[PDB]
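> Give the three-dimensional model of this entry:
(one chain, ligands or ions: 5)
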Amino acid sequence: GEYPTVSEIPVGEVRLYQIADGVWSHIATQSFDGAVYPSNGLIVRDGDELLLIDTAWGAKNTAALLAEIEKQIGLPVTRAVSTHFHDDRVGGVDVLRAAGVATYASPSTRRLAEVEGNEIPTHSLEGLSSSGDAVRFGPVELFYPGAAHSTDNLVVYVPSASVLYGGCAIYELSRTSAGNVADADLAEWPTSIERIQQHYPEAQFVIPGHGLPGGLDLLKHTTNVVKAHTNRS
Ligand SMILES: O=c1cc(CP(=O)(O)O)c2c(Br)cc(Br)cc2[nH]1
Ligand SMILES: [Zn+2]
Ligand SMILES: [Zn+2]
Ligand SMILES: [Zn+2]
Ligand SMILES: [Zn+2]
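Residues are numbered from 1 along each chain as shown. Ligands and ions are numbered 1, 2, ... in the order given. And now the structure:
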C-alpha cells in the first residue's frame, strides 16, 4: 500500500512496511536543522528469528522499533547489522545490545564510529575490507561496494525476495541534492554504484536509506545527483 511518509509518523514512533514475504522495512523520523527526515532500515526473517539492518536513528526510536517489531511480527531480533558509522545507522545500538541483540558491523565502521564518538556495534564483520567483497550473513548477503556516502558503507541484498537495501549510499528519486557528504567519497561514489549494479542486476526492489523505494533506477539517479554535485550544479 501507501509507503509511510515522514508526515504520517509521529515523533519517536516507528512504522513497518512489508516489501516481500519475510522482508520488511522499518521507517522512523528524526528532526534537526528545523527539518524532519524519514529513514529506512530492513527486517529480514531468518527462520524463527529476525535479522535487523540498521537502527531507527536514535535510542528512543530504536526502543520503539523493537516494541513495534514485537507487537507486529512477534519474532525475536537476534542479530543486527549497521551499514555505516553515522548516527542514523548506529544510534540505538546500545538499546539493541541491552535487549540481547547481537550487533554487527565491519571493522571499518566500528573504528569510524568510535572516532566519531558514536555507539559501537560489538561484533566485527570479516571479509568486507576490499571493494567488491561479499559475504553471506544469515538470510542476506552483505556487500562492500567501495567508498560512496561514506568510506565504510555496505549494501544488503535479500536473494530470497530480490530486495536490495542500499543504505545512505542510495538516494530516493524525489531527492535531487546530496546531503551530509562531509565523510563521502564523491570521486569513488559513482564507481561504487556501478559495482552494486554489476553484482545485483536481478534486484526487483531497491530501498534507499531515506524515502520511497523503487527499482534499480535509483542507482543511476544517485550517480546523476552525485555527478551534478561534483560539478557544483
Ligand atoms: O545533513 C544532512 C543529513 C541527512 C541524513 P544522511 O546524510 O544520512 O542522508 C540528510 C537527509 Br537524509 C536529507 C536531506 Br534533504 C538533508 C540531509 N542533511
Ligand atoms: Zn551517513
Ligand atoms: Zn555476541
Ligand atoms: Zn542516512
Ligand atoms: Zn534520476
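
> Dead centre of this protein: give me the residue that sits there.
Per CA atoms, centre = their mean, the C-alpha nearest to the average position across the chain is that of residue 167, at 3.4 Å.

> So in terms of bridging, what pairs with that one?
Beta-bridge pairing of residue 167, defined through DSSP bridges, involves residue 208.

> begin at 459 from here
Sounds good: first residue 459 from here, last item residue 625.

> Which residue is it, in this protein, that comes closest to ligand 4?
At 3.3 Å from ligand 4, residue 626 is the closest residue in the chain, using CB to the ion. Where you see a C-beta, it was placed from the backbone N, CA and C, and this is true even at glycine.

> was I right about that residue contacting residue 540?
No: Residue 626 is beyond contact range of residue 540, at 11.3 Å (criterion: CB atoms under 8 Å).

> all helices for this structure, in order.
Applying DSSP state H to the chain gives helices spanning 517-530, 545-548, 551-556, 565-573, 647-657, 675-688.

> Just say which of those is most tucked in.
The highest average neighbour count among the helices of the chain, using mean count of other CB atoms under 10 Å, belongs to helix 545-548 at a mean of 26.

> residues in contact with residue 644?
Contact analysis of residue 644 by CB atoms under 8 Å, 6 or more residues apart in numbering lists 684, 687-688.

> Among those residues, which one sits closest to residue 533?
Minimum distance to residue 533 across the contacts of residue 644 is 37.3 Å, recorded for residue 684 (CB to CB).

> The residue of the chain closest to ligand 4 and ligand 2: what is the separation?
5 Å (CB to the ion, to the nearest Å).

> what do you get for residue 614?
15 Å.

> what does residue 493 give?
Taking CB to the ion, one finds residue 493 at 16 Å from ligand 2.

> Now the residue of the chain closest to ligand 4: closest residue in space that isn't a chain neighbour?
Spatial nearest neighbour of residue 626, excluding adjacent residues (CB to CB, 6 or more residues apart in numbering): residue 667 at 3.5 Å.

> neighbours around that neighbour, how many?
By the criterion of other CB atoms under 10 Å, residue 667 has 26 neighbours.

> repeat for residue 558
For residue 558, using other CB under 10 Å, the count is 9.

> Torsion angles phi and psi at it?
Here is the backbone geometry of residue 558 (degrees, to the nearest 10): phi 90, psi 10.

> Alongside ligand 1, which residues does the chain contribute?
Contact residues, the chain versus ligand 1 (CB under 6 Å from any ligand atom): 495, 544, 546, 626, 637-638, 667-668.
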